[PDB]
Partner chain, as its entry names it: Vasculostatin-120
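Here's a solo chain for you in structure tokens, the form solved without its partner chain.
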């Protein structure tokens, strides 16, 4: 009932404890348990100990973005069964989130983890988040996209993975993402995508793969994308020879909107758009399956 010194407390529209840009070193004590929204963004909170908000059982929105988060306890968010929105973004030194941290958050809808310097996504990190719809993981330091990382995210519609260093996409990286509408994998180091990586992405409408390291792409990887409407493949070292014929054939039938597919090789077809090429331009080689 009394508001912490660095905070503003009001009841409408939701019970809110707001303490942004107050130079707070840690989570302020005495936050009203009736709080539905807590805003602690813009401080210098470095650690989030266990049960830091356990008394706030009605908490649905928690902002911790733009702090100095270096360590989050695995039980930091226990008791927050009604939490819908969690923001931990803009904490470039966070590096690693404990795989148990998000467990039990069955009402979570949006999870902001953009710019957190995340080195990896540990096993079971997004386990049981069946209500999650928006997952922000851009501008981190990811080096892998392990199988079944998002297996339980059946309600996920937006997945942001751009601005990382993911080298490849394995077969079961995106298994279970039946509701996925937009998938942003641009500005990574993707050198190869498994032929069946997008098997469950039949409702996907937007796929960004530009600014990667793709020289070739099996046409079978695009086949499950029945609902695709937007595709970006530019800024990739595409090799426009015989190996590009399957991808070429698919692009000729694609009724959606695709970007340029710039040929890096051969020298003759440099920066020509692959989809705008004739079939005759795609003969001969320039190790692949057709040479």
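Numbering follows the first chain given and starts at 1. Between two forms, the rigid core is defined as the largest C-alpha subset superposing within 1.5 Å.
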* **Larger mean CA deviation from the shown form in 7 other deposited structures of this protein [core fit; 43-51 vs 58-66]** => 43-51
* **Flanks modelled, residue 3 absent in at least a third of other entries** => no
* Asked: How about residue 290: is it missing from at least a third of the other entries compared?
  -> no
* Deposited-sequence gap flanked by residue 6 and residue 7 -> none
* Per the entry, higher mean C-alpha B factor between 133-141 and 148-156 -> 148-156
* Determine, for stretches 77-85 and 157-165, which one has the higher mean CA B-factor as deposited. => 77-85
* To do: Just grab whichever of 240, 233, 33, 38 has the top CA B-factor as deposited.
  => 33
* CA B-factor ranking of residue 220, expressed as a third of its chain -> highest
* If you rank the chain by CA B-factor, which third does residue 181 end up in: lowest, middle or highest? -> lowest
* To do: Name the third of the chain's ranked CA B-factors that contains residue 253, choosing lowest, middle or highest.
  => highest
* Structure fact -> So, residue 245's CA B-factor, relative to its chain, sits in which third? The highest
* Structure fact -> Of the three thirds of the chain ranked by Cα temperature factor, residue 56 occupies the highest
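The same protein also has a form deposited with its partner chain bound, omitted here; what follows describes it.
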* **Listed residue (126, 160, 77, 198) with a non-hydrogen atom within 4.5 angstroms of its partner chain in the deposited bound form** => 160
* Asked: Of 231, 62, 247, 69, which one comes within 4.5 Å of its partner chain in the deposited bound form, counting heavy atoms only?
  -> 231
* Report whether the minimum heavy atom distance between residue 256 and its partner chain in the deposited bound form is within 4.5 Å. => yes
* Considering only heavy atoms, tell me if residue 208 and its partner chain come within 4.5 Å of each other in the deposited bound form. => yes
* Asked: Quick one: is residue 115 in contact with its partner chain in the deposited bound form, heavy atoms, 4.5 Å cut-off?
  -> yes
* Do residue 83 and its partner chain share at least one heavy atom pair within 4.5 Å in the deposited bound form? -> no
* Among 258-266, 218-226, 48-56, 29-37, the region lying within 4.5 Å of its partner chain in the deposited bound form by heavy atom distance -> 258-266
